[PDB]
Amino acid sequence: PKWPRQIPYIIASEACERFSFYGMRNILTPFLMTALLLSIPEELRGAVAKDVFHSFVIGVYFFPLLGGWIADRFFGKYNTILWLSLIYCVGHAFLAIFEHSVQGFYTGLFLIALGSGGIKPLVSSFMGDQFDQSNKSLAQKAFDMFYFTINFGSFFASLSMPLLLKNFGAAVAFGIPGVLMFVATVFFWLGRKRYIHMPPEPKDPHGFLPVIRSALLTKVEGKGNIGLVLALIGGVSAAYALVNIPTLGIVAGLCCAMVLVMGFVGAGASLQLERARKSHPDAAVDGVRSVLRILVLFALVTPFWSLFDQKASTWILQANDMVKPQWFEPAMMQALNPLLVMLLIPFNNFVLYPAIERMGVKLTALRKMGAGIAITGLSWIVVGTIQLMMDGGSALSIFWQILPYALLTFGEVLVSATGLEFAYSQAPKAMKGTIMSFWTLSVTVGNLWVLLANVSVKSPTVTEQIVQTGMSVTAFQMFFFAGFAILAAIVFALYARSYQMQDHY
Ligand SMILES: CCCCCCC/C=C\CCCCCC(=O)OC[C@@H](O)CO
Ligand SMILES: CCCCCCC/C=C\CCCCCC(=O)OC[C@H](O)CO
Ligand SMILES: CCCCCCC/C=C\CCCCCC(=O)OC[C@H](O)CO
Ligand SMILES: CCCCCCC/C=C\CCCCCC(=O)OC[C@H](O)CO
Ligand SMILES: CCCCCCC/C=C\CCCCCC(=O)OC[C@H](O)CO
C-alpha cells in the first residue's frame, strides 16, 4: 500500500487552519476585556464578553449544517472548502482591520464562524475519500495525524498568542492567524489536480427528514394528530422566542427558536412514527427510531459543552484575579487541556480502563459517557469553591487551575471521545450524516445555555435568590452549572438503562 500524494497537502492545510483558529479564539476573551469592550464598566464587561464569545462558538458549531448542504447539493466538497476558506481568511482580516470598531469586529467573527464551521464537516471526510480499498490500511494513520495537529495547534497557540497580544496588540495578534489561514488555503489549493472527487450523493427519498415529514402529515382513519399539534406548538413557541429577541438577544433568540422547533417536531414525530411505514421501508423507519433515541442521549450531554466551552471565557476571568507570575498570562492555562488530552487518552485506554475492568466492571461506552458528565460537574464544584475561597483570601493561578483542568479534561475523554463513535454503531449506516449533524448541534445548544444563563440572571426575581444565598453572583452561576451537569448525568443513567432494553441484546 502507498500513501496518496494528495494527503500531505490536506494535513498541511489542516495544521495551519487549526493553529489560526485556536490562535485567535484563545485570546478572544482577554482581548474583549482589555481592549474592545473598554467602554463597558468592569463589573458589567465580564457578562458582555461571554455573550460575544459563546454567540461566536454557537455559529462555529451551527454552520457545519450549511457547509455540508452546499457541498452535497451543489458545488462539491473541494470547491466549497476553497470558497469558504477564502471567506474564513477575510474574517481573520476583519478582526485586524476593524480592531477598534465593535460592529466591524462582530462582523469578522461571523465570517470566521461561517468559514471555520462550514469547512469542519467537509475537510475531514474529504481526506477520507482519498483512500481506496488498497489504501484503507493507511487511512487510520492519516486521521491520527489530524488528531495530533488539533492538540499541537491548540497547545502552542495557547502559549504564543497571549504573548503576541501583550507585546504587539490586537492587530498583530489577530493578523498572524490571518496570515496562517491564508497559507492554509494555499496548501489546499496546491493539490487541486491531485484530489479524488467522489460523485454527488443521490438524495434519499427515505432519508431521516422525509420519514419525519411522513410521520406528521400522514393521517390515519378516525384519529386526530397529536404529533402535528406539537409541531404547530413549537412553531408558535419559536415565534414567542423570536419576538422576545430584545430580551434574549439575536443569536440566543434564533437558537431558542431552533431548539423549540426541532424539539417539538422531534417529539411529535416520535408519537406518530408508525404512520411513516405506509410511505417508507421498514428498515428506513426503524433507523429513524434509532436516531430519535440517540437525540435524547445527545440532549442530556449538552450541559457538558456548557462547562467545557466556558474554560476559554469564564475560567479566564477567574484567573485574572489570581496570583500569577510576571511572565505568565492567564490565557496560557488553556494549553493545559491539549496536554492533558494527550496524556490521559493513552493512559486510560492502556493503563486505567483495563485496571477498572480487572476489578470486574464492563466499562460500556454508555457508562463512560454518564461518568464523564458527572466528573465535569465535579470539576465545576472545585471551580466554584475556589471562587468562594478567593472571595476573601488569595490563591495562586498556576498551581490551582491545574486541578479543575485535570478533572475537566478527564471528563472530556469520557464523553467527547466516546459519543459520536458509539452513536454510529447504534443506528444504520445511512444515518451517519444525520447523527453527525445533531452532534454538532449538541455543542451549539450547550453554549445556548451559557447565553440563557446570564440572561435569566439579570431578571429581578433571580437576583433576590442570589441575595438570599449571600453568595457572589460569579460563584453562584458556577455551582448552578455544576449541578446542571450532575442532574443531567443522573437522568442520563436513568435513560441509559431503558435504552439498552431496546434495539438488541
Ligand atoms: C442558530 C442560528 C444562529 C447563528 C448565529 C451565528 C453567529 C456567528 C458570529 C456572531 C458573533 C457576534 C457576537 C455578538 C453578540 O451577539 O453580542 C451579544 C450581546 O450580549 C452583546 O452585544
Ligand atoms: C508561515 C508558513 C507556515 C508553514 C508551515 C505550516 C505547516 C507545514 C507542514 C505541516 C506538516 C506536513 C506533513 C505532511 C506529511 O508528511 O504527511 C504524511 C504523508 O502521508 C506521508 O509522507
Ligand atoms: C447557494 C449558496 C447560498 C448560501 C447562503 C449563505 C452562505 C454564504 C456564502 C457561501 C459560499 C459558498 C461557497 C461555495 C462556492 O461558491 O462554490 C462555487 C463553485 O466553485 C463555482 O463554480
Ligand atoms: C424540558 C426540556 C429542556 C430542553 C432540552 C433540549 C431539547 C429537548 C428535546 C430535543 C431532543 C429530543 C427529541 C427526540 C425524541 O423525542 O426522541 C424520543 C425517542 O422516540 C425515545 O423513545
Ligand atoms: C430533531 C428532529 C426533527 C427536526 C425537524 C426539522 C426542523 C428544522 C430545523 C431544525 C434544525 C435541525 C435540522 C435537522 C438535521 O440535522 O438534518 C440532518 C440531515 O439529515 C443531515 O444529512
# chains A, B, ... in the order shown; residues from 1 in each chain; ligands from 1
>>> residues_near_ligand(ligand="ligand 2", cutoff="12 Å", atoms="only C-alpha atoms and all ligand atoms", output="tab-separated table (two decimals) with N, CA, C and O atoms, in the first residue's frame")
chain	number	residue	atom	x	y	z
A	1	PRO	N	0.82	-1.22	0.00
A	1	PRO	CA	0.00	0.00	0.00
A	1	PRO	C	0.85	1.27	0.00
A	1	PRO	O	1.87	1.31	0.69
A	2	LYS	N	0.44	2.28	-0.76
A	2	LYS	CA	1.22	3.51	-0.84
A	2	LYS	C	0.42	4.72	-0.37
A	2	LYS	O	-0.80	4.75	-0.48
A	3	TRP	N	1.12	5.72	0.16
A	3	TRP	CA	0.47	6.96	0.57
A	3	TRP	C	0.00	7.74	-0.64
A	3	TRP	O	0.78	8.01	-1.55
A	4	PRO	N	-1.30	8.09	-0.67
A	4	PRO	CA	-1.82	9.01	-1.68
A	4	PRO	C	-1.12	10.36	-1.60
A	4	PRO	O	-1.04	10.94	-0.52
A	5	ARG	N	-0.60	10.83	-2.73
A	5	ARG	CA	0.25	12.02	-2.76
A	5	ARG	C	-0.49	13.31	-2.41
A	5	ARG	O	0.14	14.36	-2.20
A	6	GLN	N	-1.81	13.25	-2.34
A	6	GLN	CA	-2.61	14.42	-2.02
A	6	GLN	C	-2.70	14.69	-0.52
A	6	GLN	O	-2.88	15.84	-0.10
A	7	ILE	N	-2.57	13.64	0.28
A	7	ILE	CA	-2.71	13.74	1.74
A	7	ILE	C	-1.81	14.80	2.39
A	7	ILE	O	-2.29	15.55	3.25
A	8	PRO	N	-0.52	14.90	2.00
A	8	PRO	CA	0.30	15.94	2.64
A	8	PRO	C	-0.24	17.36	2.47
A	8	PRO	O	-0.02	18.19	3.34
A	9	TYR	N	-0.93	17.64	1.37
A	9	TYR	CA	-1.49	18.96	1.13
A	9	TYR	C	-2.72	19.23	2.00
A	9	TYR	O	-3.09	20.38	2.21
A	10	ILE	N	-3.35	18.17	2.49
A	10	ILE	CA	-4.53	18.33	3.34
A	10	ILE	C	-4.14	18.40	4.81
A	10	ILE	O	-4.72	19.16	5.59
A	11	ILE	N	-3.15	17.59	5.19
A	11	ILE	CA	-2.61	17.62	6.54
A	11	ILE	C	-1.97	18.98	6.82
A	11	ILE	O	-2.11	19.54	7.91
A	12	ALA	N	-1.30	19.53	5.82
A	12	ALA	CA	-0.64	20.83	5.95
A	12	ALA	C	-1.67	21.95	6.06
A	12	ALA	O	-1.52	22.86	6.87
A	13	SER	N	-2.72	21.88	5.25
A	13	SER	CA	-3.80	22.86	5.29
A	13	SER	C	-4.51	22.84	6.64
A	13	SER	O	-4.89	23.88	7.17
A	14	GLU	N	-4.69	21.64	7.18
A	14	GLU	CA	-5.37	21.44	8.46
A	14	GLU	C	-4.53	22.00	9.60
A	14	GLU	O	-5.06	22.63	10.52
A	15	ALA	N	-3.23	21.75	9.53
A	15	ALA	CA	-2.28	22.22	10.53
A	15	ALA	C	-2.35	23.73	10.72
A	15	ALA	O	-2.46	24.21	11.84
A	16	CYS	N	-2.28	24.47	9.62
A	16	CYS	CA	-2.31	25.92	9.67
A	16	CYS	C	-3.67	26.45	10.10
A	16	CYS	O	-3.76	27.46	10.80
A	17	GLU	N	-4.73	25.78	9.66
A	17	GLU	CA	-6.09	26.22	9.95
A	17	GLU	C	-6.42	26.02	11.43
A	17	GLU	O	-7.15	26.80	12.02
A	18	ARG	N	-5.87	24.96	12.01
A	18	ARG	CA	-6.12	24.66	13.41
A	18	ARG	C	-5.28	25.54	14.32
A	18	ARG	O	-5.66	25.80	15.46
A	19	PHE	N	-4.15	26.01	13.81
A	19	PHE	CA	-3.31	26.93	14.56
A	19	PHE	C	-3.94	28.32	14.57
A	19	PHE	O	-3.94	29.01	15.59
A	20	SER	N	-4.50	28.72	13.43
A	20	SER	CA	-5.11	30.04	13.30
A	20	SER	C	-6.42	30.15	14.08
A	20	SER	O	-6.77	31.24	14.54
A	127	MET	N	-10.72	14.20	3.24
A	127	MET	CA	-9.47	13.48	3.43
A	127	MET	C	-9.73	11.98	3.41
A	127	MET	O	-8.88	11.19	2.98
A	130	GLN	N	-10.06	9.87	-0.08
A	130	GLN	CA	-8.87	9.88	-0.92
A	130	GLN	C	-8.22	8.51	-0.87
A	130	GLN	O	-7.21	8.26	-1.53
A	131	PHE	N	-8.80	7.63	-0.07
A	131	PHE	CA	-8.29	6.27	0.10
A	131	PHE	C	-9.23	5.26	-0.53
A	131	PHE	O	-10.45	5.34	-0.34
A	135	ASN	N	-5.65	1.40	-0.17
A	135	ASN	CA	-5.08	2.42	0.71
A	135	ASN	C	-5.53	2.33	2.16
A	135	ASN	O	-4.77	2.66	3.07
A	138	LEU	N	-3.88	2.69	5.59
A	138	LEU	CA	-3.14	3.90	5.94
A	138	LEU	C	-4.05	5.03	6.42
A	138	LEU	O	-3.60	5.96	7.08
A	139	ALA	N	-5.33	4.94	6.08
A	139	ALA	CA	-6.30	5.98	6.41
A	139	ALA	C	-6.35	6.27	7.91
A	139	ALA	O	-6.47	7.43	8.31
A	140	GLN	N	-6.24	5.23	8.73
A	140	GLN	CA	-6.28	5.40	10.17
A	140	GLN	C	-5.05	6.17	10.67
A	140	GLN	O	-5.13	6.91	11.65
A	141	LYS	N	-3.93	5.99	9.97
A	141	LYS	CA	-2.71	6.71	10.30
A	141	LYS	C	-2.85	8.19	9.93
A	141	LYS	O	-2.32	9.07	10.61
A	142	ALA	N	-3.57	8.45	8.84
A	142	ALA	CA	-3.78	9.81	8.35
A	142	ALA	C	-4.68	10.61	9.29
A	142	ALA	O	-4.41	11.77	9.58
A	143	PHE	N	-5.76	9.99	9.75
A	143	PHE	CA	-6.66	10.64	10.69
A	143	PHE	C	-6.02	10.76	12.07
A	143	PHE	O	-6.46	11.55	12.90
A	144	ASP	N	-4.99	9.95	12.32
A	144	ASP	CA	-4.22	10.08	13.55
A	144	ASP	C	-3.46	11.40	13.53
A	144	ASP	O	-3.37	12.09	14.55
A	145	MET	N	-2.91	11.74	12.37
A	145	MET	CA	-2.20	13.00	12.19
A	145	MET	C	-3.12	14.19	12.41
A	145	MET	O	-2.71	15.21	12.99
A	146	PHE	N	-4.35	14.07	11.93
A	146	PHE	CA	-5.37	15.09	12.14
A	146	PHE	C	-5.51	15.39	13.63
A	146	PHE	O	-5.44	16.54	14.05
A	148	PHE	N	-3.45	14.89	15.98
A	148	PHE	CA	-2.23	15.48	16.54
A	148	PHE	C	-2.16	16.98	16.29
A	148	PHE	O	-1.80	17.75	17.18
A	149	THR	N	-2.51	17.40	15.08
A	149	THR	CA	-2.47	18.82	14.72
A	149	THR	C	-3.50	19.64	15.50
A	149	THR	O	-3.30	20.84	15.71
A	152	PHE	N	-1.58	19.77	18.99
A	152	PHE	CA	-0.36	20.53	18.74
A	152	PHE	C	-0.68	22.01	18.55
A	152	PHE	O	-0.07	22.88	19.18
A	153	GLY	N	-1.65	22.29	17.69
A	153	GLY	CA	-2.07	23.65	17.41
A	153	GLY	C	-2.66	24.34	18.62
A	153	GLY	O	-2.30	25.48	18.92
A	176	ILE	N	-1.54	37.56	12.49
A	176	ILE	CA	-0.71	36.37	12.33
A	176	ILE	C	-1.54	35.11	12.04
A	176	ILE	O	-1.18	34.33	11.14
A	177	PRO	N	-2.65	34.88	12.77
A	177	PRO	CA	-3.52	33.76	12.38
A	177	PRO	C	-4.09	33.94	10.98
A	177	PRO	O	-4.25	32.96	10.25
A	178	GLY	N	-4.41	35.18	10.62
A	178	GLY	CA	-4.93	35.50	9.30
A	178	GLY	C	-3.94	35.14	8.21
A	178	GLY	O	-4.33	34.63	7.16
A	179	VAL	N	-2.67	35.42	8.45
A	179	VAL	CA	-1.61	35.06	7.52
A	179	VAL	C	-1.53	33.54	7.43
A	179	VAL	O	-1.46	32.96	6.34
A	180	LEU	N	-1.55	32.90	8.60
A	180	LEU	CA	-1.52	31.45	8.70
A	180	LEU	C	-2.70	30.80	7.98
A	180	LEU	O	-2.55	29.78	7.32
A	181	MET	N	-3.88	31.40	8.12
A	181	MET	CA	-5.07	30.86	7.49
A	181	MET	C	-4.99	30.96	5.97
A	181	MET	O	-5.50	30.09	5.27
A	182	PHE	N	-4.34	32.01	5.48
A	182	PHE	CA	-4.18	32.16	4.04
A	182	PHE	C	-3.24	31.10	3.49
A	182	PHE	O	-3.45	30.56	2.41
A	183	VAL	N	-2.19	30.80	4.25
A	183	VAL	CA	-1.25	29.75	3.87
A	183	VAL	C	-1.95	28.40	3.90
A	183	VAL	O	-1.66	27.51	3.10
A	184	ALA	N	-2.90	28.25	4.82
A	184	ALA	CA	-3.71	27.04	4.92
A	184	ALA	C	-4.47	26.77	3.63
A	184	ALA	O	-4.50	25.64	3.14
A	185	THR	N	-5.10	27.81	3.08
A	185	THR	CA	-5.86	27.67	1.85
A	185	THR	C	-4.94	27.41	0.66
A	185	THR	O	-5.32	26.72	-0.28
A	186	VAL	N	-3.74	27.98	0.71
A	186	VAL	CA	-2.78	27.81	-0.37
A	186	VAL	C	-2.36	26.35	-0.47
A	186	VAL	O	-2.29	25.79	-1.56
A	187	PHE	N	-2.11	25.73	0.67
A	187	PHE	CA	-1.76	24.31	0.71
A	187	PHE	C	-2.88	23.45	0.13
A	187	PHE	O	-2.63	22.48	-0.59
A	188	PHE	N	-4.13	23.81	0.43
A	188	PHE	CA	-5.28	23.07	-0.05
A	188	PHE	C	-5.48	23.28	-1.55
A	188	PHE	O	-5.95	22.39	-2.25
>>> residues_near_ligand(ligand="ligand 5", cutoff="6 Å", atoms="only C-alpha atoms and all ligand atoms", output="JSON, numbers by chain")
{"A": [208, 258, 261, 262, 263, 265, 266, 433, 434, 437, 438]}
>>> write_last_selection(atoms="N, CA, C and O atoms", output="mmCIF file, in the first residue's frame")
data_model
loop_
_atom_site.group_PDB
_atom_site.id
_atom_site.type_symbol
_atom_site.label_atom_id
_atom_site.label_comp_id
_atom_site.auth_asym_id
_atom_site.auth_seq_id
_atom_site.Cartn_x
_atom_site.Cartn_y
_atom_site.Cartn_z
ATOM 1 N N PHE A 208 -33.850 10.591 6.710
ATOM 2 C CA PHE A 208 -34.365 10.976 8.021
ATOM 3 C C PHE A 208 -35.548 11.939 7.940
ATOM 4 O O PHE A 208 -36.622 11.662 8.471
ATOM 5 N N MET A 258 -34.860 27.561 17.135
ATOM 6 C CA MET A 258 -34.363 26.344 16.509
ATOM 7 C C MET A 258 -34.536 25.131 17.417
ATOM 8 O O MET A 258 -34.949 24.062 16.966
ATOM 9 N N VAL A 261 -38.335 24.295 17.926
ATOM 10 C CA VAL A 261 -38.871 23.714 16.703
ATOM 11 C C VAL A 261 -38.452 22.257 16.580
ATOM 12 O O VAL A 261 -39.303 21.370 16.521
ATOM 13 N N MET A 262 -37.148 22.003 16.564
ATOM 14 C CA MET A 262 -36.661 20.638 16.398
ATOM 15 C C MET A 262 -37.011 19.775 17.609
ATOM 16 O O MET A 262 -37.107 18.555 17.502
ATOM 17 N N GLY A 263 -37.208 20.412 18.757
ATOM 18 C CA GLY A 263 -37.556 19.694 19.967
ATOM 19 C C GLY A 263 -38.985 19.191 19.942
ATOM 20 O O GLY A 263 -39.250 18.042 20.284
ATOM 21 N N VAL A 265 -41.051 19.178 17.119
ATOM 22 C CA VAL A 265 -41.269 18.386 15.910
ATOM 23 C C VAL A 265 -40.747 16.967 16.131
ATOM 24 O O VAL A 265 -41.390 15.987 15.751
ATOM 25 N N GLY A 266 -39.586 16.868 16.769
ATOM 26 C CA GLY A 266 -38.997 15.582 17.092
ATOM 27 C C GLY A 266 -39.858 14.772 18.043
ATOM 28 O O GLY A 266 -39.962 13.555 17.907
ATOM 29 N N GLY A 433 -24.658 10.575 8.572
ATOM 30 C CA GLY A 433 -24.635 12.006 8.343
ATOM 31 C C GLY A 433 -25.630 12.744 9.217
ATOM 32 O O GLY A 433 -25.411 13.896 9.586
ATOM 33 N N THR A 434 -26.731 12.076 9.542
ATOM 34 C CA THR A 434 -27.774 12.668 10.370
ATOM 35 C C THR A 434 -27.323 12.723 11.824
ATOM 36 O O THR A 434 -27.612 13.676 12.543
ATOM 37 N N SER A 437 -24.804 15.455 12.294
ATOM 38 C CA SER A 437 -25.419 16.776 12.228
ATOM 39 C C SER A 437 -26.035 17.193 13.561
ATOM 40 O O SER A 437 -26.065 18.376 13.895
ATOM 41 N N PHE A 438 -26.528 16.224 14.322
ATOM 42 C CA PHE A 438 -27.114 16.519 15.624
ATOM 43 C C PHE A 438 -26.051 16.588 16.712
ATOM 44 O O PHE A 438 -26.271 17.179 17.766
#
>>> residues_near_ligand(ligand="ligand 4", cutoff="9 Å", atoms="only C-alpha atoms and all ligand atoms", output="MDAnalysis selection string")
chainID A and resid 259:271 273 288:300 302 445 499
>>> residues_near_ligand(ligand="ligand 1", cutoff="9 Å", atoms="only C-alpha atoms and all ligand atoms", output="VMD selection string")
chain A and resid 47 to 63 102 to 103 105 to 114 248 to 259 441 444 to 445 451 455
>>> residues_near_ligand(ligand="ligand 3", cutoff="9 Å", atoms="only C-alpha atoms and all ligand atoms", output="tab-separated table (two decimals) with N, CA and C atoms, in the first residue's frame")
chain	number	residue	atom	x	y	z
A	66	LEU	N	-24.83	24.15	7.14
A	66	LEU	CA	-24.85	24.89	5.89
A	66	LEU	C	-23.77	24.38	4.94
A	67	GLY	N	-22.58	24.13	5.48
A	67	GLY	CA	-21.46	23.68	4.69
A	67	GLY	C	-21.70	22.34	4.03
A	70	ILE	N	-24.35	22.67	1.17
A	70	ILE	CA	-23.85	23.31	-0.05
A	70	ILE	C	-22.95	22.37	-0.85
A	71	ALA	N	-22.11	21.62	-0.16
A	71	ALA	CA	-21.20	20.69	-0.82
A	71	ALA	C	-21.93	19.51	-1.46
A	74	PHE	N	-24.81	21.14	-4.25
A	74	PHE	CA	-24.40	21.92	-5.41
A	74	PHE	C	-22.96	21.70	-5.86
A	75	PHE	N	-22.03	22.39	-5.21
A	75	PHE	CA	-20.70	22.61	-5.78
A	75	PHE	C	-19.64	21.53	-5.51
A	76	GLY	N	-19.88	20.65	-4.55
A	76	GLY	CA	-18.91	19.62	-4.21
A	76	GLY	C	-18.04	20.03	-3.04
A	77	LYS	N	-17.30	19.08	-2.48
A	77	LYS	CA	-16.51	19.35	-1.28
A	77	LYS	C	-15.31	20.26	-1.53
A	78	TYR	N	-14.53	19.98	-2.56
A	78	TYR	CA	-13.33	20.78	-2.84
A	78	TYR	C	-13.67	22.25	-3.03
A	79	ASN	N	-14.57	22.54	-3.96
A	79	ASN	CA	-14.91	23.92	-4.29
A	79	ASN	C	-15.56	24.66	-3.13
A	80	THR	N	-16.33	23.94	-2.32
A	80	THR	CA	-17.00	24.55	-1.18
A	80	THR	C	-15.99	24.92	-0.10
A	81	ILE	N	-15.05	24.02	0.16
A	81	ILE	CA	-13.99	24.28	1.12
A	81	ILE	C	-13.16	25.49	0.71
A	82	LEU	N	-12.84	25.56	-0.58
A	82	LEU	CA	-11.98	26.61	-1.12
A	82	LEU	C	-12.58	28.00	-0.94
A	83	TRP	N	-13.87	28.14	-1.22
A	83	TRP	CA	-14.51	29.45	-1.17
A	83	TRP	C	-14.94	29.82	0.24
A	84	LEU	N	-15.14	28.81	1.08
A	84	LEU	CA	-15.42	29.05	2.49
A	84	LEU	C	-14.14	29.40	3.23
A	85	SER	N	-13.02	28.89	2.73
A	85	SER	CA	-11.72	29.15	3.33
A	85	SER	C	-11.25	30.56	3.00
A	87	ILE	N	-13.40	33.09	2.51
A	87	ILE	CA	-14.26	33.87	3.40
A	87	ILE	C	-13.73	33.83	4.83
A	114	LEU	N	-18.52	31.30	10.00
A	114	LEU	CA	-19.07	30.80	8.74
A	114	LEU	C	-18.05	29.95	8.00
A	115	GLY	N	-16.79	30.39	8.02
A	115	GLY	CA	-15.74	29.69	7.32
A	115	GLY	C	-15.22	28.47	8.06
A	118	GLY	N	-18.22	25.96	8.49
A	118	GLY	CA	-18.62	25.47	7.19
A	118	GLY	C	-17.72	24.40	6.60
>>> residues_around(residues="segment 27-32 of chain A", least_positions_apart="2", cutoff="8 Å", atoms="only C-alpha atoms", output="VMD selection string")
chain A and resid 23 to 25 34 to 38 49 to 50 53 158 161 to 162 165 170 312 to 313 316 331
>>> residues_around(residues="residue 488 of chain A", least_positions_apart="2", cutoff="12 Å", atoms="only C-alpha atoms", output="MDAnalysis selection string")
chainID A and resid 296:304 306 369:377 481:486 490:496
>>> write_last_selection(atoms="N, CA, C and O atoms", output="compact mmCIF listing (two decimals), in the first residue's frame")
# COMPACT_ATOMS: atom_id res chain seq x y z
N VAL A 296 -32.14 12.00 22.30
CA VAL A 296 -32.35 12.21 23.73
C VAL A 296 -31.03 12.06 24.47
O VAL A 296 -30.75 12.81 25.41
N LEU A 297 -30.22 11.11 24.03
CA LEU A 297 -28.88 10.93 24.57
C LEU A 297 -28.05 12.21 24.41
O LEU A 297 -27.45 12.68 25.38
N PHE A 298 -28.04 12.77 23.21
CA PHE A 298 -27.26 13.97 22.92
C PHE A 298 -27.75 15.18 23.72
O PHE A 298 -26.95 16.02 24.13
N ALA A 299 -29.06 15.27 23.92
CA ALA A 299 -29.65 16.40 24.63
C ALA A 299 -29.16 16.47 26.07
O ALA A 299 -29.00 17.56 26.63
N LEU A 300 -28.94 15.31 26.68
CA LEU A 300 -28.50 15.24 28.07
C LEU A 300 -27.00 15.48 28.17
O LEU A 300 -26.46 15.62 29.27
N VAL A 301 -26.33 15.52 27.03
CA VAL A 301 -24.89 15.73 27.01
C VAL A 301 -24.58 17.23 26.90
O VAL A 301 -23.50 17.68 27.30
N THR A 302 -25.54 18.00 26.39
CA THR A 302 -25.36 19.45 26.21
C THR A 302 -24.86 20.23 27.45
O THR A 302 -24.12 21.20 27.29
N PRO A 303 -25.24 19.82 28.68
CA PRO A 303 -24.62 20.53 29.80
C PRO A 303 -23.12 20.31 29.93
O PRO A 303 -22.47 21.10 30.61
N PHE A 304 -22.58 19.27 29.30
CA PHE A 304 -21.13 19.07 29.30
C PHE A 304 -20.43 20.14 28.48
O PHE A 304 -19.35 20.62 28.86
N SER A 306 -21.55 23.10 28.00
CA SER A 306 -21.72 24.33 28.76
C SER A 306 -20.55 24.58 29.71
O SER A 306 -20.16 25.72 29.94
N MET A 369 -19.84 7.70 29.27
CA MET A 369 -20.44 8.98 28.93
C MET A 369 -21.18 9.59 30.11
O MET A 369 -21.19 10.81 30.28
N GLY A 370 -21.80 8.75 30.92
CA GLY A 370 -22.53 9.22 32.09
C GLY A 370 -21.58 9.67 33.18
O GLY A 370 -21.83 10.67 33.86
N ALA A 371 -20.49 8.94 33.34
CA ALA A 371 -19.49 9.26 34.35
C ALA A 371 -18.78 10.57 34.01
O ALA A 371 -18.49 11.37 34.90
N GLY A 372 -18.51 10.78 32.73
CA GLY A 372 -17.83 11.97 32.27
C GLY A 372 -18.57 13.27 32.55
O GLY A 372 -17.95 14.29 32.83
N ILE A 373 -19.90 13.23 32.46
CA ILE A 373 -20.71 14.41 32.72
C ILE A 373 -20.65 14.76 34.21
O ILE A 373 -20.60 15.93 34.58
N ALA A 374 -20.65 13.73 35.05
CA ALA A 374 -20.58 13.91 36.49
C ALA A 374 -19.23 14.50 36.91
O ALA A 374 -19.18 15.46 37.67
N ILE A 375 -18.15 13.92 36.39
CA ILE A 375 -16.81 14.40 36.68
C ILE A 375 -16.61 15.84 36.18
O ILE A 375 -15.93 16.64 36.82
N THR A 376 -17.24 16.16 35.06
CA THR A 376 -17.20 17.52 34.53
C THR A 376 -17.95 18.47 35.46
O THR A 376 -17.55 19.62 35.65
N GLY A 377 -19.04 17.98 36.05
CA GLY A 377 -19.79 18.76 37.01
C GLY A 377 -19.01 18.88 38.31
O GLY A 377 -19.09 19.89 39.01
N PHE A 481 -24.16 25.59 37.35
CA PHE A 481 -23.65 24.83 36.22
C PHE A 481 -23.10 23.48 36.65
O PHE A 481 -23.18 22.50 35.91
N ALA A 482 -22.53 23.43 37.85
CA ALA A 482 -22.03 22.17 38.40
C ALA A 482 -23.19 21.21 38.64
O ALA A 482 -23.11 20.03 38.30
N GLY A 483 -24.27 21.73 39.23
CA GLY A 483 -25.45 20.93 39.49
C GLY A 483 -26.20 20.62 38.22
O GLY A 483 -26.89 19.61 38.12
N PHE A 484 -26.05 21.51 37.24
CA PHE A 484 -26.67 21.33 35.93
C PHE A 484 -26.14 20.07 35.25
O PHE A 484 -26.88 19.35 34.58
N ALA A 485 -24.85 19.80 35.44
CA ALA A 485 -24.22 18.62 34.85
C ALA A 485 -24.53 17.37 35.66
O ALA A 485 -24.74 16.30 35.08
N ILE A 486 -24.54 17.49 36.98
CA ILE A 486 -24.81 16.34 37.85
C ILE A 486 -26.23 15.83 37.65
O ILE A 486 -26.45 14.62 37.53
N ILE A 490 -27.49 12.21 36.08
CA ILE A 490 -28.42 11.32 36.76
C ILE A 490 -29.48 10.84 35.78
O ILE A 490 -29.68 9.63 35.60
N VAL A 491 -30.15 11.79 35.14
CA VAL A 491 -31.18 11.50 34.15
C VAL A 491 -30.62 10.67 32.99
O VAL A 491 -31.31 9.82 32.42
N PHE A 492 -29.35 10.90 32.67
CA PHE A 492 -28.66 10.14 31.63
C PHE A 492 -28.60 8.65 31.99
O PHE A 492 -28.91 7.79 31.17
N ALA A 493 -28.21 8.36 33.23
CA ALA A 493 -28.12 6.98 33.70
C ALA A 493 -29.51 6.34 33.77
O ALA A 493 -29.66 5.14 33.59
N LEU A 494 -30.51 7.17 34.04
CA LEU A 494 -31.89 6.72 34.11
C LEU A 494 -32.42 6.33 32.73
O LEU A 494 -33.20 5.39 32.60
N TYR A 495 -31.99 7.06 31.70
CA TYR A 495 -32.45 6.79 30.34
C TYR A 495 -31.61 5.69 29.70
O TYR A 495 -32.10 4.95 28.84
N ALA A 496 -30.36 5.58 30.12
CA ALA A 496 -29.44 4.61 29.54
C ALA A 496 -29.83 3.16 29.84
O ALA A 496 -29.48 2.25 29.09
>>> select_by_dssp(residues="segment 236-476 of chain A", states="helix (DSSP H, G or I)", output="PyMOL selection string")
chain A and resi 236-243+245-248+250-271+273-278+282-299+302-312+314-319+330-359+365-389+397-400+402-415+419-426+429-456+460-469+473-476
>>> atom_distance(atom1="atom CA of residue 88 of chain A", atom2="atom CA of residue 448 of chain A")
23.3 Å
>>> residues_around(residues="residue 322 of chain A", least_positions_apart="4", cutoff="6 Å", atoms="only C-alpha atoms", output="JSON, numbers by chain")
{"A": [395, 396, 397]}
>>> write_last_selection(atoms="N, CA, C and O atoms", output="PDB file, in the first residue's frame")
ATOM      1  N   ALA A 395      -5.428  32.963  46.275  1.00  0.00           N
ATOM      2  CA  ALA A 395      -4.851  31.704  45.820  1.00  0.00           C
ATOM      3  C   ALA A 395      -4.202  31.892  44.454  1.00  0.00           C
ATOM      4  O   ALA A 395      -4.691  32.662  43.623  1.00  0.00           O
ATOM      5  N   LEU A 396      -3.089  31.199  44.233  1.00  0.00           N
ATOM      6  CA  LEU A 396      -2.321  31.370  43.007  1.00  0.00           C
ATOM      7  C   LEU A 396      -3.017  30.654  41.860  1.00  0.00           C
ATOM      8  O   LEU A 396      -3.779  29.717  42.086  1.00  0.00           O
ATOM      9  N   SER A 397      -2.769  31.105  40.634  1.00  0.00           N
ATOM     10  CA  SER A 397      -3.452  30.544  39.471  1.00  0.00           C
ATOM     11  C   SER A 397      -2.760  29.285  38.964  1.00  0.00           C
ATOM     12  O   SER A 397      -3.388  28.232  38.817  1.00  0.00           O
TER      13      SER A 397
END
>>> residues_around(residues="segment 405-413 of chain A", least_positions_apart="2", cutoff="9 Å", atoms="only C-alpha atoms", output="JSON, numbers by chain")
{"A": [304, 307, 308, 311, 333, 334, 336, 337, 338, 340, 341, 344, 345, 348, 368, 369, 371, 372, 373, 374, 375, 376, 377, 378, 379, 380, 401, 402, 403, 415, 416, 417, 418]}
